[PDB]
**Student:** 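A single structure is presented below for examination.
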4 protein chains.
Amino acid sequence: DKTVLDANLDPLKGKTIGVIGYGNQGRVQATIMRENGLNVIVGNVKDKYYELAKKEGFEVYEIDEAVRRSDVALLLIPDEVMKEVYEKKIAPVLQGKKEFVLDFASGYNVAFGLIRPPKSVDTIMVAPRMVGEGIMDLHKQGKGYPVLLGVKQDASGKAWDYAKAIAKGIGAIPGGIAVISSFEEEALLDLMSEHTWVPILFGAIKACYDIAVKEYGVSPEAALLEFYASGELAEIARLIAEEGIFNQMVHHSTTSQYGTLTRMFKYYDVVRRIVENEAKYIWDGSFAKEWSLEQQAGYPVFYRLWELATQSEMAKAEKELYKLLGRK
Amino acid sequence: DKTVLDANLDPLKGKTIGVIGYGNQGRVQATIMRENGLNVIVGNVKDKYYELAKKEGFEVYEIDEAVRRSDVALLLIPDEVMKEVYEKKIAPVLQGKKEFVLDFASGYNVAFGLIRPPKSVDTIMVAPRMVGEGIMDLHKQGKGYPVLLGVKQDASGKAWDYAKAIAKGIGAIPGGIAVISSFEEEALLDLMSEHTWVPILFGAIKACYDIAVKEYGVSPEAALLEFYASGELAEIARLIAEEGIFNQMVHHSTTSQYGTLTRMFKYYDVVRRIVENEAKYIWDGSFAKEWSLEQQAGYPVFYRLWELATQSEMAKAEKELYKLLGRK
Amino acid sequence: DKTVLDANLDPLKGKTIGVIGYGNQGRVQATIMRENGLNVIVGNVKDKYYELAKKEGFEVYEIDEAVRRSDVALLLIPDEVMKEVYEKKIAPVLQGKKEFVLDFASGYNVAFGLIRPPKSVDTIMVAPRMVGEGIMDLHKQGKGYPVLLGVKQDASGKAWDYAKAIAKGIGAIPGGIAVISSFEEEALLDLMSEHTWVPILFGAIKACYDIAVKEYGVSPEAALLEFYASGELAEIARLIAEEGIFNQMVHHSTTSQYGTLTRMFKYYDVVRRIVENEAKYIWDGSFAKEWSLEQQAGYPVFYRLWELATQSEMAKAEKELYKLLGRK
Amino acid sequence: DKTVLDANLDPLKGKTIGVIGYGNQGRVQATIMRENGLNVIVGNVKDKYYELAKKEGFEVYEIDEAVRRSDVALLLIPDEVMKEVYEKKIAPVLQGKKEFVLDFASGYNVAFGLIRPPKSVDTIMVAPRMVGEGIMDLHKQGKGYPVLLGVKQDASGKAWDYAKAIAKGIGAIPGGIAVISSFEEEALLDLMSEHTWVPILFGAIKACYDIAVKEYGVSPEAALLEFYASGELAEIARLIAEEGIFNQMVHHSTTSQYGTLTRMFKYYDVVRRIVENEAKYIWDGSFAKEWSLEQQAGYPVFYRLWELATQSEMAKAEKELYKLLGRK
Ligand SMILES: [Mg+2]
Ligand SMILES: [Mg+2]
Ligand SMILES: [Mg+2]
Ligand SMILES: [Mg+2]
Ligand SMILES: [Mg+2]
Ligand SMILES: [Mg+2]
Ligand SMILES: [Mg+2]
Ligand SMILES: [Mg+2]
């Protein structure tokens, strides 16, 4: 019901479009939406990406200049620097506009109020769910891919139309799909993954290694081979994305199935509590405060943790081992 | 003992006075103290208030220029911007002075050390306990009103005299009274109210609504009417300010008296613990740190909480209802 | 919605109506419904009110005599004496009736079974949500006001019609509204207010005073001025009833908003537990037992608590102060 | 300080005095104050005491009649029946008085509001601290005894004088002393003894017996002889009232002193908690409610406890023993 499969592409025809940043995402979106017959430009500072974009056939300007010539803009840059760029270069140029559009690929800076555009602007979001390299690898096959849509400020009653038009312009549909959501329901999701199961998985692996080594006389080389130094995990991820998460286990032994199911239903509430706590810590905006303040301080905890992680015994053992199998 | 009812007004005669800001407070204080025969000026940036003040018959200058011409100054601006104003415009002009006076209406920025004037300056405080509109509504009747006094730095042995003179000049006494206190005993009080019983009251009301609706099948319209959508509370506030807090209940039914008294003496320690915790959190200066850091981050929690509060079910129901009774 | 805005007034025309008690409500409800052209009488014992009632143009009889002449009755007396009056004077006269109506303004004595009329009677409830003095202060403007409706026993299939007719007859609609509810959903609400947030507020204020005085060396006069001796609370109640509870804070400083919101969302569960406990204690009928038993004992706890509250330090300080400001 | 040793006796001369009840107290107070030259009468119902009083030379009337003839009255009857007597016979006769006095020997019924005389009456209290026989046994020697004084309602500015006059009239001073206090400070004291150390002592004795018998094979006769069947406790009480509580132990062995002191300082907080709880339960009026409600039910708990206590194993054994030593 809340799903979309295709839509029109007329509202973007005759209008000019400007892309900010020429990294992976921006490069991909621009290279694609140029094929569908759209006047496109690029805004960026004079660096490597500037030369690359000018080589690939794109007329380039400065950001403030690119926004002047454009009726629509894509702010495809990291969430850690977008704030200053918007405050210094964009907002001034933008106060003197009449009817404009502003698209994002992440709702972090907007959902939490770090960027508050005027009311004369249509604020939208188009969030892909892919790495960026495989995207192009799928467009050559004529395939699409999934995205999320959202609207924060509607001043023309045409926002959703613009969002679906953009979605079509970048090769996401038809072939893939597009879901309608909010700026909050995207940041919340992107952050819950980085906070709940990735670190839990890593800590579980590390603890298994430490226990096996310091309580049962196991050697490091075998622990690493069993846990992650082999490619058993990539196979599982593949079978999951292809056949399903539970149907994947049918290709394993009965003993593994029994143990996995029992221990999954046994430890479900514990992780549920953690997920509740973290989702609550996010929904309120505390994590954004924490991260911004650590930025303003000089990334000391970042530094110390990056150190403690690399100087761990497991990391040294993995270094010695990878050197033995030819892996750089 | 610690109370005052009237005092002299001579030390301010012959001296020039400058008022910073022409908002709610400054406007009133200036308009009044001009009637009592005092050379008064105004300092502010060119905006609406500047036009209003130059209209009402006040000679205006730039802030830095007003302090040069003045021997006394009233810093009547919000506590959230006073710091930069003082650091940039006032302090430079102030190092090259001989004998000066500086008055505040709040001790937040001084009690916690965010503003540390020199030792060649007399630092005082005169804090009213009124809204600002009712003040003028009382001066026309020849009435006064209550204020708090305080001194942080005395370089002339005359501070208290200056403070009482100011109090008299703004029509607080005679007719009202004036209490002597500290910059700390004013911020502490102004904050304990905003941290202990206001939020507790609001949360209790919200919880009553939620419980009544989701556990006893009550309709929202009736809950809102009983709790706050009727002016029952304003009557209680009036009778409290007029006759007293306990003597107010004599006009209620015996059942209400019994229940209220029992449940008040039953839940006294719980709230006492909360009040202790918050007063301790304030006395040390942690809240100032918290608030300043949230300012430096971009008000993310402010934003998210303002959202969560308005998007609550009770707020939507109140919106639907107020629309039905004609209340805009 | 269940809401009602206007209805007919025919079923009461030709019938006679009798009002019991001539206090605030009775004096109010009777005059209005007389203005709308209804044969009305009054029942009361020979006392002060009797003289006033016979003065204002109402033909008076004894209570038992008023019900003989009446086809409808309004039992507008305190809930603490209604029981004996009903048991001695009304019920006997009422066993020998054919088709009757009985209206209440409170569902306390009926919701809990302290009054169980026969099955040959229509039992209803019309509960206003106003003080009683301001009611006429709105009827003079041609305005209405809100009420709650309920039915306990229907013997004519016309109960709701009679209830809406009454609502119209007393000037509640049109201009106000009328909600349909039960005798339980009215007593529960009237009691939850007197048990949850009023006493909590009072205890919080008292605790703030005690702490500030006995742990930070503050003077009583300043504490009283900050907390409630000033009319800050009345303005809050006004803006709440007018603009809304949350939209009210927009007129306060950002610091106050931040602190209030944080501490409200921080202490929400604590008060929720209390509200749950009290609502449960009420829904079962325990409080009715408690209150009916304290009467038979002689109101000892009532007495001792009324004493302890007035002999408190805060009360003595407030007495000394109010005497200093002219407040009687 | 708060002590008194003697005072005048004039205000009671020329006035008539009436005594209610001729039991232990009344028979004494009246008998004495007749010797000091005071017109005295008695009010009581026709029984045993009425015959005794008319025999001893006192003119007797009915209660209601005695108050008509008296300007002062002593309500010396049990606290369990005074309420009805006052409500039926006294209060009516008392509304039509001009200047009257009412004296009590206990503040239970007044401190808790079970008796609320008018404002045209002086309400006082004179509480002895003796059994009633020893009072005469000392008066025969020209000695006094101690009492407590209190005033609840003063309408002539002469109450304290009347109280001291009464004290002198009954032979309490000179020879003894008189303390000034309140009705509350007398009820609280009279009740704390009956709730804290008497029952604790009894329970400790019972537990010692039970333990010694059911865990160490001791015989009942020896346990009873050691604990209380011997009059050692009476000698302890005597030496306490005479020499002091601690100085009493000097006549015991060092081992006893050491053990007693150690275990007293070891178990002090435990009993302190109990005393706090009970004093709080009293100060609020809960015990009055409890006791007034057990009467209306029919004294069931009283009955069952009186049974359980007498049918205990300790009470039976005591029976055989007391029968063996000649003690009836
Ligand atoms: Mg991410
Ligand atoms: Mg992700
Ligand atoms: Mg404030
Ligand atoms: Mg305040
Ligand atoms: Mg009520
Ligand atoms: Mg209410
Ligand atoms: Mg006793
Ligand atoms: Mg005793």
Side-chain angles (χ1 to χ4, degrees), chain A residues 25 79 105-108 127-132 146-148 181 185-199 201 237 241 282, chain B residues 225-227 230 232-233 235-236 249 251-260 263, chain C residues 24-25 76-80 82 104-109 111 125 127-132 148 183 185-199 282 287-288 291, chain D residues 24-25 76-80 82 104-109 111 125 127-132 148 183 186-199 282 287-288 291:
Chain A
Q25 282 288 336
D79 291 330
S106 182
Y108 179 90
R129 299 290 100 172
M130 270 286 176
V131 304
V147 304
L148 311 180
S181 65
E185 305 185 354
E186 186 273 330
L188 171 65
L189 299 178
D190 197 10
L191 297 176
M192 282 163 70
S193 297
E194 304 163 1
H195 288 39
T196 60
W197 55 271
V198 183
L201 172 71
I282 291 170
Chain B
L225 287 175
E226 175 61 32
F227 295 136
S230 61
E232 76 207 72
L233 174 49
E235 297 293 328
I236 290 176
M249 273 192 295
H251 303 303
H252 291 341
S253 55
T254 59
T255 315
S256 168
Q257 301 183 36
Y258 178 71
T260 307
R263 272 60 185 178
Chain C
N24 294 299
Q25 290 287 336
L76 310 174
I77 48 173
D79 291 330
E80 294 76 345
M82 191 202 306
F104 300 77
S106 182
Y108 178 90
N109 268 300
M125 179 266 283
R129 299 289 100 172
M130 268 286 176
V131 307
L148 311 180
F183 286 69
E185 305 185 354
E186 186 272 331
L188 171 65
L189 299 178
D190 197 9
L191 297 176
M192 282 163 70
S193 297
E194 305 162 1
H195 289 83
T196 61
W197 55 271
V198 183
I282 291 171
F287 171 76
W291 175 231
Chain D
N24 290 300
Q25 284 287 334
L76 311 175
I77 48 172
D79 291 330
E80 294 76 345
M82 194 203 307
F104 301 78
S106 182
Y108 173 92
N109 267 301
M125 180 272 285
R129 300 289 100 172
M130 271 286 175
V131 304
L148 311 180
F183 290 67
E186 186 271 330
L188 170 68
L189 297 179
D190 197 9
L191 296 177
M192 282 163 71
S193 297
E194 305 162 1
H195 289 83
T196 61
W197 55 271
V198 183
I282 291 170
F287 171 76
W291 176 230

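The sequence lines fix the lettering, A, B, ..., with proteins before strands; numbering per chain opens at 1. Side chains included, hydrogens not; waters and symmetry mates left out as well; all remaining heavy atoms used. For ligands, and for the atoms within them, numbers begin at 1 and follow the listed sequence.
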**Student:** Taking the Mg ion (ligand 5) as the centre, count the protein N/O/S atoms lying under 2.8 Å from it.
**Tutor:** 3
**Student:** Over all heavy atoms of both residues, which pair between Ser193(A) and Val198(A) is shortest? Give the atoms and the distance, please.
**Tutor:** O-CG2, 3.2 Å
**Student:** With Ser106(C), which residues qualify under side-chain hydrogen bond (donor to acceptor under 3.5 Å, both in side chains), at least two apart?
**Tutor:** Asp79(C)
**Student:** Checking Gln257(B) now: which residues fulfil side-chain hydrogen bond (donor to acceptor under 3.5 Å, both in side chains) with it, not counting sequence neighbours?
**Tutor:** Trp306(C)
**Student:** Considering all heavy atoms of both residues, which atom of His195(A) and which atom of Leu191(A) are nearest to each other, and what is their separation?
**Tutor:** ND1-O, 2.8 Å
**Student:** In chain order, what residues pass the side-chain hydrogen bond (donor to acceptor under 3.5 Å, both in side chains) check against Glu80(C), with sequence neighbours excluded?
**Tutor:** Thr254(B), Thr255(B)
**Student:** Answer whether the closest heavy-atom distance between the side chains of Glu226(B) and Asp190(C) falls below 4.5 Å.
**Tutor:** yes
